[PDB]
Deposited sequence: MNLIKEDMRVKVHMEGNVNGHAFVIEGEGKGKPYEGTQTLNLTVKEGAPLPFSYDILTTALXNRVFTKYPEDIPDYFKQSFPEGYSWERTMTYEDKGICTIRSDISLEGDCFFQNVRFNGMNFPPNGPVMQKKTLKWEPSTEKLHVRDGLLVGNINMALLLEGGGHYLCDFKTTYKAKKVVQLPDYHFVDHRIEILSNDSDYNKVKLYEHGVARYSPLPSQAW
């Protein structure tokens, strides 16, 4: 069962372009409002030689405000929970493969993540740390082989203006049989609120809202 208030614990082990790191996060959030706050410490491989932004979207879709007219795959999936696998394909041919396991114990979700980035241009914006933020997005989700699949045309705002684009592919896998939703959208905004200079401590925010098209069928 999910309360209007909930706690989040995150562990991430990763390698990006040969560099190894660990990240731990203590957080809270409001699942039914689609909002969450997360306090992240770089535990190993400080200082990071790449943009913290690439990591943020691997740092739960339980925290999405779902209209009643659209079945909530992620919330239904508990107490057993769900896992997801993501492919982040950037335009400079940098690739990240990410796997998260989402388990519940009491007031606290536990997020267990594996981050693999490689083939990022060394003089490119991720390894040169020129990303300011992710642009807010719209995930498209549908059913493929009894699973939920999300697709997002994503964009990072660069220092000096312009965008660096990433194609976002997630397969969400519930551990119990759940009621499948039809083709819907989720509006996101991912925001780093505070950080230190090495991004050794970061505070992260996420707002997610499930919807149908606002435009009338005919």
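*Asks:* What gaps appear when the modelled C-alpha atoms are mapped onto the deposited sequence?
*Replies:* Model skips 1 to 2, 62, 222 to 223 of the deposited chain.
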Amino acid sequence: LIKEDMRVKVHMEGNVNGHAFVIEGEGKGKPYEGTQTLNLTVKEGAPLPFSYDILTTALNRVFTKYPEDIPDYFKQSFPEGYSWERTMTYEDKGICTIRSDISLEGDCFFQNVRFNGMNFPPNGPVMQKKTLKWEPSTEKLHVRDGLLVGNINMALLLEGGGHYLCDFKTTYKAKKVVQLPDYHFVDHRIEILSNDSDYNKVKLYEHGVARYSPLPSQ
From here on, numbers count along this sequence of modelled residues.
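*Asks:* Report the stretch with the higher mean CA temperature factor, choosing between 80 to 88 and 135 to 143 on the basis of the entry.
*Replies:* For C-alpha atoms only, the mean B-factor is higher in 80 to 88.
*Asks:* Pick between 10 to 18 and 195 to 203: the one whose mean CA B-factor in the entry is higher.
*Replies:* Between 10 to 18 and 195 to 203, it is 195 to 203.
*Asks:* Looking at the C-alpha B-factor values in the deposited entry, which of 30, 184, 163, 189 comes out highest?
*Replies:* That would be 30, according to the entry.
*Asks:* If you compare 126, 96, 102, 148, which has the highest Cα B-factor in the entry?
*Replies:* Of the options given, 102 has the highest CA B-factor in the PDB entry.
*Asks:* Which third, lowest, middle or highest, does the CA B-factor of residue 68 fall in along this chain?
*Replies:* As the PDB entry reports it, the C-alpha B-factor of residue 68 lands in the highest third of its chain.
*Asks:* If you rank every modelled residue in this chain by C-alpha B factor, which third holds residue 62: lowest, middle or highest?
*Replies:* Highest third - that is where residue 62 ends up once the chain's C-alpha B-factors are sorted.
*Asks:* Lowest, middle or highest third: where is residue 51 by Cα B-factor in its chain?
*Replies:* Tercile = lowest for this residue's CA B-factor.
*Asks:* Would you check the entry's CA temperature factor for residue 167 and let me know if it's in the chain's lowest, middle or highest third?
*Replies:* It belongs to the lowest third of the chain when residues are ordered by C-alpha B-factor.
*Asks:* Among the modelled residues of its chain, does the C-alpha B-factor of residue 179 lie in the lowest, middle or highest third?
*Replies:* Tercile = highest for this residue's CA B-factor.
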